[PDB]
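Working notes for the structure below.
FYI, it's all coordinate maths here, none of it is from the lab. Neighbour counts are summed over all protein chains in view; Cβ atoms, including those assigned to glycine, are modelled from backbone coordinates with ideal geometry.
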Ligand SMILES: [Cu+2]
């Protein structure tokens with residue numbers, strides 16, 4: 001059956017300011033990821049060219065609880081729209097050996113984002 005993973009959106013966490021906790025989410029097709037705005041001022045949005053081919057773009061409203069159903073295998077880099085430049089991202093890995101992970105790692109993104117992404121992947 002289907003699993004749900006809860007993610008908190010915070011002003012401050014273990015990795016510093018403006019964080020998703022956890023920032024690495026492992027899931028399977030059909031699972032849900034529930035994004036909880038523990039602190040105000042956050043949302044979640046897919047990043048262009050950093051979700052699998054065939055997955056639908058998504059953008060939640062600031063300060064709303066948002067439930068994402070993941071269907072397409074692969075890796076997804078998501079941001080908090082206001083805080084992307086401050087490093088507020090999460091990586092969702094759906095299925096084994098996501099085919100687009102190396103592409104996401106090599107994609108153009110802000111330096112602080114890339115540093116956090118590298119730490120996330122190492123914590124895998
Ligand atoms: Cu934010």
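So which of 92, 104 is assigned to a strand (DSSP E or B) and surrounded by 15 or more Cβ atoms within 10 Å (Cβ to Cβ)?
Residue meeting the stated conditions: 92.
Going residue by residue through the range 110-118, is there one that turns out to be under 27 Å from residue 63 (Cα atoms), assigned to a helix (DSSP H, G or I), within 16 Å of the ligand (Cβ to nearest atom) and more than 13 Å from the chain's Cα centre (by Cα)?
Yes, because at least one residue in the range 110-118 is under 27 Å from residue 63 (Cα atoms), assigned to a helix (DSSP H, G or I), within 16 Å of the ligand (Cβ to nearest atom) and more than 13 Å from the chain's Cα centre (by Cα).
When only residues in the range 23-46 that are in contact (Cβ under 8 Å) with a residue 60 or more places away in the chain and in contact with a helix residue (DSSP H, G or I) (Cβ under 9 Å, 6 or more places away or on another chain) count, which is surrounded by the fewest Cβ atoms within 10 Å (Cβ to Cβ)?
The qualifying residue surrounded by the fewest Cβ atoms within 10 Å (Cβ to Cβ) is 24.
Can you run down the residue pairs with Cβ atoms below 6 Å, 6 or more apart or on separate chains, where the first is in the range 63-89 and at negative phi and in contact (Cβ under 8 Å) with a residue 12 or more places away in the chain and the partner is in a helix (DSSP H, G or I) and away from the ligand (no atom under 16 Å from the Cβ)?
What qualifies is 75/101; 75/104; 77/104.
Pull up the range 70-89, narrow it to residues that are within 11 Å of the ligand (Cβ to nearest atom) and either touching a helix residue (DSSP H, G or I) at 6+ places or on another chain (Cβ under 9 Å) or assigned to a loop (DSSP other than H, G, I, E, B) (or both), then point me to the one that is nearest to residue 49 (Cα to Cα).
79
Please find, among 50, 18, the residue that is within 12 Å of the ligand (Cβ to nearest atom), within 22 Å of residue 118 (Cβ to Cβ) and in contact (Cβ under 8 Å) with a residue 40 or more places away in the chain.
From the options 50, 18, the qualifying one is 18.
Listed here are the residues, each with its yes/no results for (1) touching a strand residue (DSSP E or B) at 6+ places or on another chain (Cβ under 7 Å); (2) within 15 Å of residue 34 (Cα to Cα).
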site	(1), (2)
71	no, yes
77	yes, no
80	yes, yes
85	no, no
91	yes, yes
99	yes, no
103	no, no
113	yes, no
